[PDB]
Q: 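Dropping a structure here in structure tokens format, bear with me for questions.
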2 protein chains.
Amino acid sequence: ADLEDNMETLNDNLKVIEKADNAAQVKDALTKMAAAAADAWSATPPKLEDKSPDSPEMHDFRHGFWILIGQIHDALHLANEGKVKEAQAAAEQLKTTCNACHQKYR
Amino acid sequence: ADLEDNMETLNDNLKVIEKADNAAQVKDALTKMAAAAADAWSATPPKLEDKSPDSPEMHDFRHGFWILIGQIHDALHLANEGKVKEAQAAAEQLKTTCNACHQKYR
Ligand code: HEM
Ligand code: HEM
């Protein structure tokens, strides 16, 4: 999928997690988030189209997804273990990663 | 996929990395490893079929995959950044995670 589709998937599923009741709902949403972030990892955003794949900006951009995917994975681990509230807390904190990349590159 | 299929994917792609020449080869192999490890995360192995999903053994088993996925992810980052030799060194070291789980549960 393209960047915008992956980002909508990320956003929709974050909302699902916030209001989820059980571990199955949270696990599913984070699983979809992991796939969407992985798909987006390789993408070149509009604001960086004129930059080289090896530019400081693109290294920074890809590093943001590496951070995000690690956070999603750790949240998913908690969901796997039935730790609903704590996974929801992890999902809340990773918004900082969403925000930080948007700040620079959206 | 079942455990055996995911493990074959894990094994075959590790061999690919070992003898890879460029970053594209390593990135592709690690991407496939990530998917296979994620798919195997929820699996109940033959030796643990009589155990509860909340048993100490299944907690230990799932934790091994959490570790492996994080290691694959970190290697994949290196591969994405064109760091071939260093990604290959990362793939070498995670064999310890493969071996440790097999030691107990294979
Ligand atoms: C789970 C965390 C994140 C959420 C919930 C999120 C959400 C969104 C949303 C709702 C949009 C609006 C565009 C659309 O989807 O139609 C967007 C755009 C964008 N996001 Fe994210 N985002 C997240 C993380 C990230 C990260 C980590 C990066 C970079 C490493 C990133 C880079 C971008 C860029 C460059 C755009 C603008 C795309 C365009 O204008 O075509 N996002 N994001
Ligand atoms: C990159 C690391 C790994 C590699 C290369 C690897 C490789 C393999 C291979 C080749 C097999 C034999 C499959 C077959 O042909 O029947 C196997 C089996 C198995 N592995 Fe792994 N493995 C890895 C990681 C892990 C981890 C981390 C765990 C535990 C958390 C694990 C648990 C098992 C189990 C339970 C079996 C037996 C499956 C069955 O009998 O159905 N493996 N592995």
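When a ligand or atom number is given, it counts from 1 through the structure's own listing order. In what follows, every heavy atom counts, from backbone to side chain, and hydrogens, waters and symmetry copies are set aside. All chains are named by letter (A, B, ...) in the order of the sequence lines, taking the proteins before the strands, and each is independently numbered beginning at 1.
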Q: Tell me if the CG atom of B/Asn22 is crowded by more than 12 foreign heavy atoms within 6.0 Å.
A: yes
Q: Out of A/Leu48, A/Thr44, A/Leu68, A/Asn99, who gets a non-hydrogen atom closest to atom 27 (C) of ligand 1?
A: A/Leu68
Q: So which heavy atom in the protein is nearest atom 16 (O) of ligand 1, and how far is it from that ligand atom?
A: A/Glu8 CD, 3.4 Å
Q: Can you name the atoms of ligand 2, numbered from 1 with element, that are less than 4.0 Å from a heavy atom of B/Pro45?
A: 35 (C)
Q: If you have a sec, work out which protein heavy atom is nearest atom 39 (C) of ligand 1 and how many Å separate them, to one decimal?
A: A/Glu4 OE2, 3.6 Å
Q: Please check atom 41 (O) of ligand 2 for a protein heavy-atom neighbour under 4.0 Å.
A: yes
Q: Nearest heavy atom to atom 30 (C) of ligand 2 wins, so pick from B/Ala36, B/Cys101, B/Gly64.
A: B/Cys101
Q: Tell me the nearest of B/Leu94, B/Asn11, B/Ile69, B/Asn6 to atom 10 (C) of ligand 2, using heavy-atom distances.
A: B/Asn11
Q: For A/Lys95, is there an ion pair with A/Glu18 - N to carboxylate O distance below 4.0 angstrom?
A: yes
Q: Consider only side-chain heavy atoms of I, L, V, M, F, W and Y, link residues closer than 4.5 Å, and tell whether B/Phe65 and A/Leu78 are in one cluster.
A: no
Q: Using a heavy-atom cut-off of under 4.0 Å, does the side chain or the backbone of A/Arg62 touch ligand 1, or both, or neither?
A: neither
Q: Same cluster for B/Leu76 and B/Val16 if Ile/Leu/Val/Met/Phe/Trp/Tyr side chains link at under 4.5 Å?
A: no
Q: Within the stated cut-off of 2.8 Å, is an N/O/S atom of A/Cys98 closer than that to atom 21 (Fe) of ligand 1?
A: no
Q: Roughly how far apart are B/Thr97 OG1 and B/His63 NE2, rounded to 0.5 Å?
A: 10.5 Å
Q: Just to confirm my output: which protein heavy-atom neighbour is closest to atom 35 (C) of ligand 1, and how far is it?
A: A/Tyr105 O, 3.4 Å
Q: Around atom 34 (C) of ligand 1, find the nearest protein heavy atom and jot down its residue, atom name and distance.
A: A/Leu3 CD1, 4.0 Å
Q: Could you list which atoms of ligand 1 come closer than 4.0 Å to a heavy atom of A/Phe61?
A: 29 (C), 30 (C), 35 (C)
Q: From the options A/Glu86, A/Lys85, A/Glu92, select the one residue that forms a side-chain contact (heavy atoms from CB on, under 4.5 Å) with A/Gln88.
A: A/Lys85
Q: Check each atom of ligand 2 against the heavy atoms of B/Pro46 and keep those under 4.0 Å away; list them by number with element.
A: 39 (C), 40 (O), 41 (O)
Q: Out of curiosity, A/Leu94 CG to A/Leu14 CG, how far, rounded to the nearest 0.5 Å?
A: 6.5 Å
Q: Using a 4.0 Å heavy-atom threshold (strictly under), name the region of A/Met33 that reaches ligand 1: side chain, backbone, both or neither.
A: side chain
Q: Considering heavy atoms of the protein only, find what lies nearest to atom 9 (C) of ligand 1 and give residue, atom and distance to 0.1 Å.
A: A/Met7 CB, 3.8 Å
Q: Quick one: CE on A/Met7 to CG on A/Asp2, what's the gap to the nearest 0.5 Å?
A: 10.0 Å
Q: As an exercise, state the distance from CE of B/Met58 to CD of A/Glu81, rounded to the nearest 0.5 Å.
A: 9.0 Å
Q: Please compare B/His102, B/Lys47, B/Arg106 and report which has the shortest non-hydrogen distance to atom 20 (N) of ligand 2.
A: B/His102
Q: Fit a plane to each ring of B/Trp66 and A/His77, take the angle between them on a 0 to 90° scale, and name the class: parallel (under 30°), tilted (30 to 60°) or perpendicular (over 60°).
A: parallel
